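There are 2 protein chains.
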Amino acid sequence: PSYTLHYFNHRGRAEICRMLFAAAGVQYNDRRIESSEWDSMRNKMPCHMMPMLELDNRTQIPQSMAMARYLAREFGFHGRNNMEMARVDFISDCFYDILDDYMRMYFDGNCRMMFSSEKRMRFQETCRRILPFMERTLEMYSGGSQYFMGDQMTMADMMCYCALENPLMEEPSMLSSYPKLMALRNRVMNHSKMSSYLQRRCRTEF
Amino acid sequence: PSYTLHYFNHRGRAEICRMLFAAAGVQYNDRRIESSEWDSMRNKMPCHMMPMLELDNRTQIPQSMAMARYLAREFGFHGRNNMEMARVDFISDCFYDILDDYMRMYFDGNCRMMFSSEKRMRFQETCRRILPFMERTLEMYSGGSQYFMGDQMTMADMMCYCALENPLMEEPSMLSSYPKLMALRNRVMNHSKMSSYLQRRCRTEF
Ligand SMILES: *SC[C@H](NC(=O)CC[C@H](N)C(=O)O)C(=O)NCC(=O)O
Ligand SMILES: *SC[C@H](NC(=O)CC[C@H](N)C(=O)O)C(=O)NCC(=O)O
């Protein structure tokens, strides 16, 4: 099959899909659209929502987590039965929540930069609610010494990686009391296929 | 298996799961917890996030959409292959977005009532972005005369129903230019198993 990823020149909400493609060794068109060009087409497209995954130059699927789950099931980075999928999903959705609240500090619902302390406090609260739960949740398998699903890396571990990259640039110390999360992120970034993708990827501020 | 749904006395983020249980004819413990009682246990529970689905008095899975997808796959109200699942997911996630922004007008991230115009405008924008896309998306199958996945009702149609109930109480006219969405909601509410559940369910303001 053929894949096209539509998004801005950001890591942002599409980065989970890029990591999935990189991990699976699957080539795709990585379409990075300038904001004003996207903005001028908005009222002319049946599907305007960003990011969006296009399959076989045909089917358009927006909603970043829906896109990621599809790539995960396709490439074998999701759960293998219903229970396992539920676990991969709640972990991933928890990290999406963090990323979503982070993005809401800077961007409106129409993708415009909003460049106040209230949004930052929502974000910081969202971290305090979620991260200790994720540290514990990770510990459920293999004492938390490996991945969220034991020895198989899945989209949950990738979400843990990409969702926290910006928060870590803003506050490099914020994961200091979640040592298992840090070793997992370090494990993901050194994983086969993932190391070279991450080291050769363009440097963007989001 | 055995099911327990934990949430407040609200329709809110858990209502998708209740509809799923009702549609599948599956009995569960519908646990409606008073807020202050939930609040007093918060720092004593490994999993404090609301809503939460408990399986066999054992596994705790929060994240309302993760919970719903699990019940949907279990009961047969999800897609039957990867592509179909991606379509059910983006539709459901679009409606979650609407519901999420609606809930953010009234509740903080710690479940407290925040009872300003800014949050309402985010919400209203989110409706304008999403609803026309959903009207069109529905039209992809069977001219939009049936359900999002043709003749099978899935969690996507249920989301379309429960996500808009409160917005419709606040503005009963807001779906007037999406006639296919309205006929779908009316189709869901008269569906077998769903009609009696909806007519006998407790009246709550959220
Ligand atoms: S760029 C801002 C808007 N995107 C989203 O909010 C997508 C949210 C999904 N939950 C996701 O992909 O995670 C956006 O695309 N606004 C423009 C529009 O036409 O919808
Ligand atoms: S009640 C407010 C918080 N709930 C959520 O935000 C859950 C969001 C998920 N995305 C979902 O289920 O849809 C909450 O539970 N805060 C308390 C806590 O301990 O996390």
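Going line by line, the protein sequences match chains A and B. Counted the way this note's numbering counts, the first sequence spans residues 785 to 990. Counted the way this note's numbering counts, the second sequence spans residues 785 to 990. All residues carry an ideal CB built from backbone N, CA and C; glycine is no exception.
DSSP on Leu968 (chain B), reduced to helix/strand/coil?
-> Three-state DSSP puts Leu968 (chain B) in a helix.
Give a yes or no on whether 8 Å exceeds the smallest Cβ distance from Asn813 (chain B) to chain E.
-> Here chain E cannot be found, since the structure's protein chains are A and B.
Along chain A, in chain order, which residues have C-beta atoms closer than 9 Å to that of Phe917 (chain B)?
-> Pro830, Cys831, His832, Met833 and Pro846
Quick one: does the C-beta of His794 (chain A) sit closer than 7 Å to a heavy atom of ligand 1?
-> no
Is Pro846 (chain A) helix, strand or coil by DSSP?
-> strand
Under 8 Å between C-beta atoms of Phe879 (chain B) and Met958 (chain B) | no
Assign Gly809 (chain B) to one of two classes, buried (16 or more other C-beta atoms within 10 Å of its C-beta) or exposed (fewer than that).
-> exposed
Assess, as a yes-or-no matter, whether the region 911-923 of chain A is touched by the region 837-854 of chain A under the definition of 3 or more beta carbon pairs within less than 8 Å.
-> no
Could you check the C-alpha separation between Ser926 (chain B) and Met836 (chain A) for me, to the nearest Å?
-> 24 Å
Exposure of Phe932 (chain B), with buried meaning 16 or more beta-carbon neighbours within 10 Å = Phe932 (chain B) comes out buried.
Use the C-beta contact count for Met834 (chain A): other C-beta atoms within 10 angstroms, 16 or more gives buried, fewer gives exposed.
-> buried
With DSSP as the reference, label residue 728 (chain B) as helix, strand or coil.
-> Residue numbering for chain B in the displayed model covers 785 to 990; residue 728 (chain B) lies beyond these limits and cannot be assessed.
Whose C-beta lies closer than 7 Å to the C-beta of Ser979 (chain B) among residues of the same chain, with five residues either side of it excluded?
-> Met973
Length-filtered (3 minimum) beta strand (DSSP E) runs lying within the region 792-860 of chain B | 813-816, 836-839 and 843-846
Is any heavy atom of ligand 1 found at a distance shorter than 7 Å from the C-beta of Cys895 (chain A)?
-> yes
Just by C-beta distance, which residues in the region 868-879 of chain A are closer than 9 Å to chain B?
-> If the cut-off is 9 Å between Cβ atoms, the region 868-879 of chain A has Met869, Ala870, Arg871, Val872, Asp873, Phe874, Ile875, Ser876, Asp877 and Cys878 near chain B.
Taking 8 Å as the CB-CB limit, is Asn827 (chain B) close to chain A?
-> no
How big is the Cα-Cα spacing for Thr788 (chain B) and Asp873 (chain A)?
-> Taking the straight line joining both Cα atoms gives about 19 Å.
Every unbroken beta strand (DSSP E) inside the region 879-909 of chain A [3 residues or more] = none
Going by Cα to Cα distance, which pick from B:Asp877, B:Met966 and B:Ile800 is closest to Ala856 (chain B)?
-> B:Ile800
In the DSSP assignment, what are the bridge partners of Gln930 (chain A)?
-> Per DSSP, none; premise fails for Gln930 (chain A).
Taking just the CA atoms, how far does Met966 (chain A) sit from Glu954 (chain A)?
-> 16 Å
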